[PDB]
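Chains as they are written, first to last, in the deposited numbering: chain A, 1 to 129, 135 to 214; chain B, 1 to 217. Heads up, the thing below is written out as structure tokens.
Structure (structure tokens):
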């Protein structure tokens, strides 16, 4: 029943401001306080503070005064996080989390960077020559993330999608692969389905010997 | 000013064994009045929010399997996975919520299994790529354990430095192995100035190294 649904990813340039929303449903909004929590990539969970959803009074952890403001719109049961003067190291997933019980938002990625939105290029890694591995290379996209499936998500077994790497171009890159029977190759078709939502780049490359 | 310190920071345990994570608070989280400990345990897997496992120190959240339990009191606490399963790979966090929230630093739990040799494959650059004029040669190690692996690139048997980037999948939640992709990157130019492209691999699941090469076209 209870749901906390947050706004979508944001790419921001240094100096700007951002406003993440957390919309709650399934309970009386003003009976439970709301927490904000920050997770910088690869790092631990860090409590940012709490807002009294009845009074609007915000409490900030020591490390998050100045640039951070919590607010409400009670009329649509929504909590807001506003960060101003964005820095690169504010790049993080931000989560809303309700007092009492298990309820968390799905989190909102905020990326602070000068660089521009740029969709990838997709390139096969075709098999050749028991088991034969094949894949896709997803190159020169910014920012993170991208998703990948195999055969519109019919082939999930055996799939291995790799963590992105930041190249010294300041653009990301990653590979996705899968191992299959080497008899299947002529008979069976294999398509990697690639999506990068920040630039709308959606691609269904075929991969063949 | 309630500091939470978890230990160890990471931990590898064998499928079927007991996993134990510790959390210590710098002040008691036992509330005198109601004799409850204001302490929770969370499991976070990648891409996901943390999922609550245990609260009031020892009460198991609905839907959480019986193999997870929490105990302890005051300032010292334990999370116990009685019989570890492949799906339990994750980062685990303690939380005190008596006086504001403070999370522990998190504990990365991995599975320890039998040695497993990587399946090495090599993949020459695509024609489509070379048109825009860059060469990405991809070596793949597949389904090995442990994580430790060396990948040396050889161009005409000339050892490469500073032009390959590696990347490792998280441990797989079904069979407890890793996979590693190495990419050698070169200008179209440099790719034409040479012939045999090879990646050589070192591991404990190998008495001696394994190579895979192709010849440029």
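For each residue, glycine too, the CB sits at the ideal point set by N, CA and C.
- [ ] Would you give the residue range spanned by the alpha helix (DSSP H) that residue 15/B belongs to?
- [x] Taking the second chain and counting its residues from 1, the one referred to as residue 15/B is at position 15. Careful: residue 15/B lies outside any alpha helix (DSSP H) and carries neither H nor E.
Open item on the list: With H, G and I counted as helix, E and B as strand and the rest as coil, what does DSSP make of residue 187/B?
Closed with: Your numbering for residue 187/B matches position 187 in the second chain. In this structure, residue 187/B counts as strand in the three-state DSSP scheme.
TODO: State the start and end residues of the unbroken alpha helix (DSSP H) segment that holds residue 152/B.
DONE: Against the second chain, residue 152/B aligns to sequence position 152. Boundaries around residue 152/B are those of the beta strand (DSSP E), 150-155, since no alpha helix (DSSP H) includes it.
Task: Cβ of residue 123/A within 8 Å of any chain B Cβ - done: As a working note, residue 123/A is residue 123 in the first chain. Taking 8 Å as the threshold, the shortest C-beta distance from residue 123/A to chain B falls below it.
- [ ] Following the continuous alpha helix (DSSP H) through residue 184/A, name the residue where it begins and the one where it ends.
- [x] Your numbering for residue 184/A matches position 179 in the first chain. Careful: residue 184/A lies outside any alpha helix (DSSP H), inside the beta strand (DSSP E) at 177-186.
TODO: Can you tell me which of the three DSSP states residue 191/A falls into?
DONE: The residue you call residue 191/A lines up with position 186 of the first chain. In the three-state reduction of the DSSP assignment, residue 191/A falls in the helix class.
Open item on the list: Under 8 Å: do the region 137-155 of chain B and the region 171-189 of chain B share three or more Cβ pairs, one atom per stretch?
Closed with: They touch, by the three-pair rule.
Task: Reduced DSSP secondary structure (H/G/I, E/B, other) of residue 18/A - done: Here residue 18/A refers to the residue found at position 18 when the first chain is read from its first residue. The three-state reading of DSSP puts residue 18/A in strand, counting E and B together.
Task: Contact under 8 Å by Cβ, residue 30/B with residue 19/B - done: Against the second chain, residue 30/B aligns to sequence position 30. Against the second chain, residue 19/B aligns to sequence position 19. Not a contact, by the Cβ cut-off of 8 Å.
Task: Any C-beta of chain B under 8 Å from that of residue 1/A - done: As a first step, residue 1/A is located in the first chain; it is residue number 1 there, counting from the start. It does not; no Cβ of chain B falls within 8 Å.
Open item on the list: Which residue marks the beginning of the beta strand (DSSP E) containing residue 125/A, and which one marks its end?
Closed with: For the purposes of this step, residue 125/A is taken as residue 125 along the first chain, with counting starting at 1. Per DSSP, residue 125/A belongs to the beta strand (DSSP E) from 121-125.
- [ ] Tell me residue 214/B's beta-bridge partners as DSSP assigns them.
- [x] Numbered from its first residue, the second chain carries residue 214/B at position 214. The secondary-structure analysis by DSSP pairs residue 214/B across a beta bridge with 197/B.
- [ ] Find out if the Cβ-Cβ distance for the pair residue 50/B, residue 109/A is shorter than 8 Å.
- [x] What you label residue 50/B is simply residue 50 of the second chain in a count that begins at 1. What you label residue 109/A is simply residue 109 of the first chain in a count that begins at 1. Annotated as distal: residue 50/B and residue 109/A, with beta-carbon spacing of 8 Å or more.
Open item on the list: The alpha helix (DSSP H) that contains residue 96/B, what's its start and end?
Closed with: Position 96 of the second chain holds residue 96/B. Premise fails: residue 96/B lies in the beta strand (DSSP E), 90-96, not in any alpha helix (DSSP H).
- [ ] Closer than 6 Å by C-beta to residue 166/A: which residues in its own chain qualify, once you throw out the five before and the five after it? Chain order, please.
- [x] On the first chain, position 161 is the one that residue 166/A refers to. If we look at residue 166/A and ignore the five residues flanking it on each side, its Cβ neighbours are 153, 181.
Open item on the list: Pull the bridge partners of residue 228/B from the DSSP assignment, please.
Closed with: Outside the displayed range of chain B (1 to 217) lies residue 228/B, so it cannot be described from this structure.
Task: Buried/exposed call for residue 213/A, threshold 16 Cβ in 10 Å - done: Here residue 213/A is taken as the residue at index 208 of the first chain, counted from 1. By the C-beta density criterion, residue 213/A is exposed, having fewer than 16 other C-beta atoms within 10 angstroms.
- [ ] Taking residue 172/A as the query, report the chain B residues whose CB atoms sit under 8 Å from its CB, ordered along the chain.
- [x] On the first chain, residue 172/A is found 167 positions in, with the first residue counted as 1. Ordered by position in chain B, the residues that pass the 8 Å Cβ test against residue 172/A are 165, 185.
Open item on the list: Can you look up residue 77/B in the DSSP assignment and give me helix, strand or coil?
Closed with: The residue labelled residue 77/B in the question sits at position 77 within the second chain. Under the three-state reduction of DSSP, residue 77/B is assigned to strand.
- [ ] Would you please state the rounded distance, in angstroms, between the beta carbons of residue 36/A and residue 49/A? I believe it to be under 8 Å.
- [x] Against the first chain, residue 36/A aligns to sequence position 36. Against the first chain, residue 49/A aligns to sequence position 49. Contact holds; Cβ gap of about 6 Å.
Task: Cross-chain neighbours of residue 142/B in chain A, by beta carbon under 8 Å - done: The residue you call residue 142/B lines up with position 142 of the second chain. Chain A residues near residue 142/B: 138, 165, 182, 184.
Task: Where the beta strand (DSSP E) containing residue 167/B begins and where it ends - done: Along the second chain, read from residue 1 onward, the residue named residue 167/B stands at position 167. For residue 167/B, the enclosing beta strand (DSSP E) has its first and last residue at 164-168.
- [ ] Compute the distance between the beta-carbons of residue 60/A and residue 68/A, then report whether it is under 8 Å.
- [x] Taking the first chain and counting its residues from 1, one reaches residue 60/A at position 60. Taking the first chain and counting its residues from 1, one reaches residue 68/A at position 68. One thing to note: residue 60/A has its Cβ within 8 Å of the Cβ of residue 68/A.
Task: Cβ pair residue 102/B, residue 2/B closer than 8 Å - done: Against the second chain, residue 102/B aligns to sequence position 102. Against the second chain, residue 2/B aligns to sequence position 2. Cβ atoms of residue 102/B and residue 2/B: closer than 8 Å.
Open item on the list: Using a 10 Å radius around the Cβ and a threshold of 16 neighbouring Cβ atoms, would you call residue 78/A buried or exposed?
Closed with: Locating residue 78/A in the first chain gives position 78, where the first residue counts as 1. Residue 78/A should be labelled buried.
Task: Outcome for residue 157/B when other beta-carbon atoms lying within 10 angstroms are tallied against a minimum of 16 - done: In the second chain, counting from the first residue as 1, residue 157/B sits at position 157. The residue is exposed, with fewer than 16 neighbouring Cβ atoms inside 10 Å.
- [ ] Return the first residue and the last residue of the beta strand (DSSP E) that residue 109/A is part of.
- [x] Here the question's residue 109/A lines up with position 109 in the first chain. Boundaries of the beta strand (DSSP E) harbouring residue 109/A: 108-112, taken from the DSSP string.
Open item on the list: Under 8 Å: do the region 202-216 of chain B and the region 112-127 of chain B share three or more Cβ pairs, one atom per stretch?
Closed with: Segment contact: the region 202-216 of chain B against the region 112-127 of chain B, three or more CB-CB distances shorter than 8 Å; contact assigned.
Task: Same chain, Cβ closer than 6 Å to residue 207/A, neighbours up to 5 away in sequence not counted - done: On the first chain, residue 207/A is found 202 positions in, with the first residue counted as 1. 200.
Task: CA-to-CA distance, residue 209/A to residue 158/A, given in whole angstroms - done: For this step, residue 158/A is matched to residue 153 along the first chain. For this step, residue 209/A is matched to residue 204 along the first chain. Just so you know, the alpha carbons of residue 158/A and residue 209/A end up roughly 12 Å apart.
Open item on the list: Beta carbons nearer than 7 Å to chain A: which residues of the region 53-81 of chain B have them?
Closed with: Of all residues in the region 53-81 of chain B, 61 have a Cβ within less than 7 Å of some Cβ in chain A.
- [ ] Report the rounded CA-to-CA distance for residue 147/A versus residue 124/A, giving the unit in angstroms.
- [x] Position 142 of the first chain, counting from 1, holds the residue named residue 147/A. Position 124 of the first chain, counting from 1, holds the residue named residue 124/A. Going by the C-alpha atoms only, they are around 20 Å apart.
TODO: Quick one: list the residues of chain B neighbouring residue 35/A, beta-carbon separation under 7 Å, in chain order.
DONE: Against the first chain, residue 35/A aligns to sequence position 35. Result: 101.
- [ ] Would you mind telling me which residues of chain A sit closer than 7 Å to residue 129/B, beta carbon to beta carbon, in chain order?
- [x] On the second chain, residue 129/B is found 129 positions in, with the first residue counted as 1. In chain order: 123.
Open item on the list: Cutting at 8 Å between CB atoms, please list the residues of its own chain near residue 135/A, excluding the five before and the five after it.
Closed with: Numbered from its first residue, the first chain carries residue 135/A at position 130. Once the five neighbours on either side are set aside, the close Cβ partners of residue 135/A are 186, 187.
TODO: Kindly indicate which three-state DSSP category residue 182/B falls into: helix, strand or coil?
DONE: Translated into the one-based positions of the second chain, residue 182/B becomes position 182. In the three-state scheme derived from DSSP, where H, G and I count as helix and E and B as strand, residue 182/B is classed as strand.
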